[PDB]
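These notes are about the structure you will find just below.
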Amino acid sequence: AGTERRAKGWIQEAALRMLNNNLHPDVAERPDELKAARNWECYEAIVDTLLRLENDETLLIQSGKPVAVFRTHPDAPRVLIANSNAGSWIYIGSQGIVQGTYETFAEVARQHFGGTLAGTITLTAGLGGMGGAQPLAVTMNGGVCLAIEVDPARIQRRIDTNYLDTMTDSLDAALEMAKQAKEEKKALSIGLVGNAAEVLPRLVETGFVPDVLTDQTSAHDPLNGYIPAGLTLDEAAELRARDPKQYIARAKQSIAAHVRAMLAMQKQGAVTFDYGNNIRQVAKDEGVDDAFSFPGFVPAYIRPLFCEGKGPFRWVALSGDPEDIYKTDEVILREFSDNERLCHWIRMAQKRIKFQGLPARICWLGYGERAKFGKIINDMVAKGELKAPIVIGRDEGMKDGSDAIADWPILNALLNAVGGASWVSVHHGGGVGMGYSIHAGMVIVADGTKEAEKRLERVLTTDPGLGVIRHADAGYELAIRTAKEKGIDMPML
Amino acid sequence: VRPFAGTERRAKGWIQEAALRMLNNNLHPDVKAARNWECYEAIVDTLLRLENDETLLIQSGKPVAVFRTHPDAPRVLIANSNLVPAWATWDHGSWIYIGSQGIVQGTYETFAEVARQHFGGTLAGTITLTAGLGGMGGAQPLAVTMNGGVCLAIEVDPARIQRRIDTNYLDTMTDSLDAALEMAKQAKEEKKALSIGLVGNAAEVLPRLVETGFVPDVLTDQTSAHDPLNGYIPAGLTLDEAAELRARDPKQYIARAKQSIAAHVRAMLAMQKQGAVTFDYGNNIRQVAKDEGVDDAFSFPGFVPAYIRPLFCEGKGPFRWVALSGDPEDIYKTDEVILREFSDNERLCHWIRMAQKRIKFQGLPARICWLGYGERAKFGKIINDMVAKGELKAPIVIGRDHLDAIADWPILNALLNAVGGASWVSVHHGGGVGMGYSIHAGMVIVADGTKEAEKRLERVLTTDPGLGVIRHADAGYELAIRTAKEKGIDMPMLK
Ligand SMILES: NC(=O)c1ccc[n+]([C@@H]2O[C@H](COP(=O)([O-])OP(=O)(O)OC[C@H]3O[C@@H](n4cnc5c(N)ncnc54)[C@H](O)[C@@H]3O)[C@@H](O)[C@H]2O)c1
Ligand SMILES: NC(=O)c1ccc[n+]([C@@H]2O[C@H](COP(=O)([O-])OP(=O)(O)OC[C@H]3O[C@@H](n4cnc5c(N)ncnc54)[C@H](O)[C@@H]3O)[C@@H](O)[C@H]2O)c1
């Protein structure tokens, strides 16, 4: 806490503060349990080791356990994390979810509606742990959001907590309000209590077709998640404890009419996509081969941002001072104003997002942009324009069939570690039957020094540049163009 | 294949040059390295122009990027995948392969540890009885005789036995069990080293040897017992009678194979009972016999828990080095420093002396032996001083070849070696849906005589073996806990 460190260096102190932040009451789900470390003896050992860790030593964390310290050198990572199957330490609460959903709907606006959702109605369902960000993301893009949700207490949570403007139990009341806001081109979110399987076919039936259409119900879990059509919450739960065979069947049967309504709304001209809740697979498996007529949001909207290297870039103010983040908020406005969805994001975040634990911001920045911003941030820490160091961090239908290749995140971890990232993480997991994933993340500390400035320049070129190469190698034009445009060295091109 | 050879480099630096020479050494006839010939030419072209502060990335044999890094980073990072698609499931590196010296000295290491544990440090005056002269089994005769022992090896294929004699893996052969037996006891009495291949089926020969009162000092097996349809030959069948049965009636073959293996294993239990030091050499024979109802099949140990695991606990492992000059005398000079500097370790020094007579170089001259924690960095520095002085004609490549939660360790090892300044680092990802996945990591470091290389050698030759000790100390092995505490390895959770 504050402007002075208890550890022997600011990277070790950042690790301590990010670790402690992960179990902050306003950041964590159940901080008395979950996981930042394997168990509470490992947690205490990590903290004790980070306070006495020297500036030329490196701590190894092996699935949450501090297993060893080795002498390395001052420009090596102070920590290397390989966890099996979640602590890469830079979770910043709900702002990651909100801004990632903002970004999807921001690309949907650029591709189809002139760079804003003003005058459109997005129709979706599910306001749960991730779905509840949908209405704020849509309204922050200027749009009208109608969100169908079966649990009134989830609509009330999103309203009480300012993620949702209003609600109604009446579909034609929800409809008459959405059309008003669309005609006035006003931003407005309405939660309609109701079942997507029942409501969406009633909309197609009655002529209505939204401009944008997704879903974020728990369709990936047709027993404990998706409520089947014709069932109240208490009726559904009494069938779920008793007769899960005929629950999943009704649940899969209801997912089918839901998607057939989405398919029908797609032919009337709606821009419509899947949001990772596995809902086409369950509908095809129930008997509609057309299910994949609409695409997933990642191949449709995120992948092209990855082709120019753009990715979630986060930074945390270790001082615990919100003005540190407001100062770095302006520098994004001064120098990425050609990207107005990004500048619109910073201003709407300043007014809608509250801080949780350490003040933090996230937004998307491409190749070239990240190193630029890390260099400016590091200078302001050195001058004292910022009160203490900044933690900077970053936590699939591929053209060429390359979905399963684990080589890329391993080269990413290896290359960021060799560049002098402050800590590097690799999470890996899978086995027989369900496959294998690997993900690498990285943190770099901007502590004001000239040595940090060299590592910052290396690591913030290398991390986005390898995402560009990964997509250029897979044959994406925009990535081959970006690589040539920006000077990235590809021996085969 | 474009030659790069001798005392001069064509690349901007000697790590880049070493990568070229090791890349080409793997494609040597007397010994794939890239994805295809087009990737091979781009790697070679890129390595010739690669600067000393740049790093090349190889993704599954293909050079995909060069990035500015720094002079103490690896010049090459390699990440390779060999995934088998689900449908292909039932159909059953760091550029440092150095031929069959690896398999010969790994097997020597097993029988040297048996000699340390049970026969006072030598196999002179002992008979080891084994079976299988195949791709790995064929190294057993040399590994036993180089340890001073007599070796009697049963093998069903007579033409396979003659190829081992033709090729200096085996001293002699016979189809007479009594001739083989009188030759082996003769040599045991004279304490002479001798290997004898007997043409025979181990499931017939071993039961007979138990009946005649013959007992070996040491007993193993490297038959193909892991594959009872296509590997193990059932008792009573010639190779031709085995191949006809294999194809016509698979289930009768498998039943005779498994029941022969039960017979084979029961005879090994009978010799262990009468005093043979006996162990499993990774061929699944105990488990097949257990599944056939031999309830005491696991009453002899597997070779790694019994002999190799304790060497890993003290950090000891395969340490290989390659003379980039091509001069076999670069290797013989570094052998002499093993003989002066580790003269305490008798089986190491005996290995070096016997290797100079018995191992022929394949491709670039190279040596393998097992060195542990502390010993590797000490050897690494003397070699770097000898290259600096011109006592070696060119730089030396030093390497450790590749050989969920288990997977954390190779990832930390790769990340740690990269950060310490390994010259290059490789991660291999293998397996598929339907069989599970594996990760292996290797590294190379080049001793080029510079002060910058000396600092990287000190870090990397310390972190690579220290991590294997820590893995064993964490898992509860007292030998590894003792090593961590004596050597000062920093382990935050230990005691
Ligand atoms: N890959 C991504 O970036 C990404 C992002 C956001 C969401 N998702 C996916 O979307 C899904 C939702 O995630 P979550 O964390 O919000 O799940 P959640 O379980 O917390 O929320 C699902 C919501 O759907 C509601 N619901 C269930 N049946 C309904 C029905 N028939 N009609 C209307 N509402 C219904 C539930 O009451 C709940 O509020 C998950 O599959 C998630 O993986 C993926
Ligand atoms: N895990 C390890 O480090 C390790 C090391 C060495 C060997 N092994 C195991 O040892 C086994 C042998 O390996 P390999 O590569 O040499 O196999 P391989 O197929 O080349 O050779 C096996 C040999 O067994 C012989 N054979 C089959 N039935 C026989 C019988 N009834 N009596 C006598 N000989 C018989 C064959 O003729 C053949 O030459 C394998 O199962 C291997 O996995 C494991």
Side-chain angles (χ1 to χ4, degrees), chain A residues 96-97 100-101 103-104 124-134 137 147-155 157-158 191-200 214-222 224-229 231 233 236 251 254-255 258 274-279 296-298 302, chain B residues 103 106-107 110 130-140 153-161 163-164 198-206 220-228 230-235 237 239 242 257 260-261 263-264 280-285 302-304 308 403:
Chain A
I97 291 76
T101 302
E103 285 281 319
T104 303
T124 172
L127 291 166
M130 295 175 93
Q134 289 179 106
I148 312 306
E149 163 61 59
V150 292
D151 193 343
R154 295 257 208 177
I155 283 161
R157 208 95 205 194
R158 301 301 105 82
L192 167 52
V193 8
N195 195 293
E198 305 167 341
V199 168
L200 267 62
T214 26
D215 181 62
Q216 293 196 27
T217 53
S218 31
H220 69 296
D221 178 5
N224 287 309
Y226 201 96
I227 300 303
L231 274 161
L233 295 183
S254 301
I255 289 165
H258 189 165
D274 161 79
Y275 219 125
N277 70 331
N278 201 249
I279 198 173
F297 78 109
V298 12
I302 311 311
Chain B
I103 179 58
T107 313
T110 301
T130 186
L133 288 161
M136 289 166 257
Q140 299 176 104
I154 320 324
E155 164 61 61
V156 285
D157 185 343
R160 187 105 77 213
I161 298 179
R163 280 181 256 121
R164 298 300 156 173
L198 172 63
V199 343
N201 187 307
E204 301 175 320
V205 173
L206 260 55
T220 357
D221 181 66
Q222 283 189 43
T223 61
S224 43
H226 66 286
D227 182 351
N230 292 289
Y232 196 88
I233 307 291
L237 296 172
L239 297 185
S260 300
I261 288 159
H264 183 164
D280 177 328
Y281 218 121
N283 71 337
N284 209 228
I285 202 168
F303 83 106
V304 338
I308 300 318
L403 309 120

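Heavy atoms only: backbone and side chains are in, while hydrogens, waters and symmetry mates are out. When a ligand or atom number is given, it counts from 1 through the structure's own listing order. Each chain gets a letter, A, B and so on, in the order the sequences are listed, and its residues count up from 1.
- Rounding to the nearest 0.5 Å gives a distance of 11.5 Å between CG of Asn277(A) and CG of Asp221(A).
- Residues meeting the side chain to side chain contact (heavy atoms under 4.5 Å, CB included) test with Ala133(A), sequence neighbours left out: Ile97(A), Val98(A), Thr101(A).
- Near ligand 2, heavy-atom contacts under 4.0 Å come from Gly132(B), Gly134(B), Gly135(B), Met136(B), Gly137(B), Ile154(B), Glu155(B), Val156(B), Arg160(B), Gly200(B), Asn201(B), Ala202(B), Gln222(B), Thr223(B), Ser224(B), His226(B), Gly231(B), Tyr232(B), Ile233(B), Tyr281(B), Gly282(B), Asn283(B), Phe303(B).
- Qualifying side chain to side chain contact (heavy atoms under 4.5 Å, CB included) partners for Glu149(A), counting only residues two or more places apart in sequence or in other chains: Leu127(A), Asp151(A), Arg154(A), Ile155(A).
- Considering CZ of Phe297(A) and CG of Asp274(A), their distance stands at 8.0 Å, rounded to 0.5 Å.
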Please report the C-alpha distance between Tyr281(B) and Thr110(B) in whole Å, then the side-chain angles of each, then the deciding distance to 0.1 Å, and finally whether the side chain to side chain donor-acceptor pair (under 3.5 Å) criterion is met. CA-CA 10 Å; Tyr281(B) 218 121; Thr110(B) 301; 2.9 Å; yes
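- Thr214(A) pairs by the side chain to side chain donor-acceptor pair (under 3.5 Å) definition with nothing, not counting sequence neighbours.
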